[PDB]
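Trainee: Let me give you the structure first, and then I'll get to my questions.
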Number of protein chains: 4
Amino acid sequence: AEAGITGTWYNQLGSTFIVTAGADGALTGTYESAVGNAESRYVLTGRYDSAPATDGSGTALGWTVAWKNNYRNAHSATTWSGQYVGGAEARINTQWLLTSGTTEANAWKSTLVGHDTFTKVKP
Amino acid sequence: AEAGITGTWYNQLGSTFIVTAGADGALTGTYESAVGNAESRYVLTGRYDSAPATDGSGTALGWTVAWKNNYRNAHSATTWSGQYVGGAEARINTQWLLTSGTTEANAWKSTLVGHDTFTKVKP
Amino acid sequence: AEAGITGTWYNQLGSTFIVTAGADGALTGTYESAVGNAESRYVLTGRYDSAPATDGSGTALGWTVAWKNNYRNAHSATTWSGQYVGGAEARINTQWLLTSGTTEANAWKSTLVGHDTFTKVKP
Amino acid sequence: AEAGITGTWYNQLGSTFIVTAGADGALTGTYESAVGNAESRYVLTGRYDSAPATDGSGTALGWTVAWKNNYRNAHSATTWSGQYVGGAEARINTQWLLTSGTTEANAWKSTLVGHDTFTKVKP
Ligand SMILES: N=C1N[C@H]2[C@H](CS[C@H]2CCCCC(=O)O)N1
Ligand SMILES: N=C1N[C@H]2[C@H](CS[C@H]2CCCCC(=O)O)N1
Ligand SMILES: N=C1N[C@H]2[C@H](CS[C@H]2CCCCC(=O)O)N1
Ligand SMILES: N=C1N[C@H]2[C@H](CS[C@H]2CCCCC(=O)O)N1
């Protein structure tokens, strides 16, 4: 975990993020887009639960990216929840929620759900 | 948003969190439990997309809480994704994902999904 | 469960559905819209797991509605997953997934997630 | 869609289901387990929205399986929501919700979320 989490990660779509896993569960870094209504780099911040593991379990973690930077303001934010598995083929398996700001009437359709798997090699 | 986000929030279950919405989209604070395998206060970190809004839309945001502090280590983390609506009865409507670290075999059952609504009054 | 499930149900939004819980776990009925890109009545089909319960537990169930009838063809379908709780104030608490048919490129944004609570009184 | 949906489907985990897509949006069949607290065959029922598509879009559909048969009664049900894509390598990409009957206190942790991709070849 932590040291093994620090570094560059890539998903299938092409998205990339660089993260630093701090000693006390913090995750800080940048996400750079590859395919959605995101463009460029965005700040990412999250947390991980280190014990984490005498039974080769994953390390739970999560992070958020608000889709606003100096070139785009998408009025939305995504949170990824999942776990880190280390080793030869270490990976972070996640499920995500993307919420867009809507009026009260359209609030029911404000959140999309999906999944992403990140690896240290692309892809 | 931001100023209106800063403060104390409560949900139905009894959970409470205090957050500070920083000038550049940051959200930092503490979450104090009321009903799950959480006990005490945990650090919370997230982001919000301010434009946010000439059509009374919500401000999208998200945050993460790793369930580890000096009294408990639950080996899990939760991410809340949703939007802030201000006014007389301001609220944050969210959907959450809670992932627990599991072995590869039990990974398919590692994530729970739910929702939470927070208000400035309890409840 | 079953007998207690059979009948008319209403949610907050105004949606209504009438269902018959058959002896062998089947759920058949119609859903009539109140607020989304649905209009009129649609066929609903699902299943419930009766044991269901010496510890006042809910009865798990789920159903699907394809948003196509003689007046509208929304190219989408919603599934509701949740449980039935009976009694004075019986209810069905659910979480739903709504998928729209998209091209491969937009598949990542094809599914919305939300929740609905149904009661026997409106609302 | 429909004809192309009828047949046998397999996912990564090993699960298999045979379905018949009826003329008027119905989906009926059986799901046979491979890895969860399911054992044997279970009845599956769902619906699909045929228009479905002058822009090679998927056909939205969904189905439910209550995990009860003559050998097991898991007190739970799963709903899969997704779309069918046909062709050389036709597939059904889905996201699922699995709800277990719980007492009111544990209702917040009653639903798991995940995804499954089914193909006509295993896997
Ligand atoms: N790696 C991923 N990219 C898309 C999904 C969830 S977040 C999303 C990109 C969204 C960009 C902003 C937007 O489209 O509003 N996963
Ligand atoms: N306010 C909420 N509390 C429960 C749900 C999602 S997070 C959860 C508390 C989890 C505590 C840690 C655990 O049980 O592992 N919403
Ligand atoms: N009772 C509910 N109505 C909306 C949500 C999920 S299903 C949805 C109505 C969708 C209608 C069809 C469409 O908009 O495409 N819950
Ligand atoms: N193909 C899949 N199998 C597991 C996930 C969601 S449904 C699940 C099997 C559950 C069996 C019943 C149970 O464990 O309670 N996808």
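Numbering of chain D is taken from Swiss-Prot, so the residues present carry the numbers 37-159, in order.
Including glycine, each Cβ sits where the backbone N, Cα and C put it.
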Trainee: Looking at Swiss-Prot, D:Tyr67, D:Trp116, D:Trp132, D:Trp144 are annotated for biotin. Which of D:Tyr78, D:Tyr84 sits in that same site?
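Mentor: So the biotin site in Swiss-Prot includes D:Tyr67, D:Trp116, D:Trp132, D:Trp144 plus, from the candidates D:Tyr78, D:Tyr84, D:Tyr78.
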Trainee: Helix, strand, coil residue numbers for the domain 'Avidin-like' (D:37-159) per DSSP?
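Mentor: Reading the DSSP string over the domain 'Avidin-like' (D:37-159) gives 6 helix, 68 strand, 49 coil.
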Trainee: Go through the binding-site residues D:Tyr67, D:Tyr78, D:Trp116 for me and flag any whose C-beta is under 8 angstroms from a C-beta on chain B.
Mentor: none
Trainee: Using all protein chains shown, find which of the binding-site residues D:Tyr67, D:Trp116 scores highest when you count other CB atoms within 10 A of its CB.
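Mentor: Of the binding-site residues D:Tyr67, D:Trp116, the most buried by Cβ count within 10 Å is D:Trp116.
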Trainee: Please go through the binding-site residues D:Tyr78, D:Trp132, D:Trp144 one by one and keep those whose C-beta falls under 6 A from any atom of ligand 4; give the result in sequence order.
Mentor: D:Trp132
Trainee: Here the binding-site residues are D:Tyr78, D:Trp132, D:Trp144; which one has the lowest number of other Cβ atoms no more than 10 Å from its Cβ?
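Mentor: D:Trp144, out of the binding-site residues D:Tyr78, D:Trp132, D:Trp144, has the fewest neighbouring Cβ atoms within 10 Å.
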Trainee: Mind sorting out which of the binding-site residues D:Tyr67, D:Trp116, D:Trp144 are close to chain C, meaning Cβ under 8 Å from one of its Cβ atoms?
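Mentor: The answer, in sequence order, is D:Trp116.
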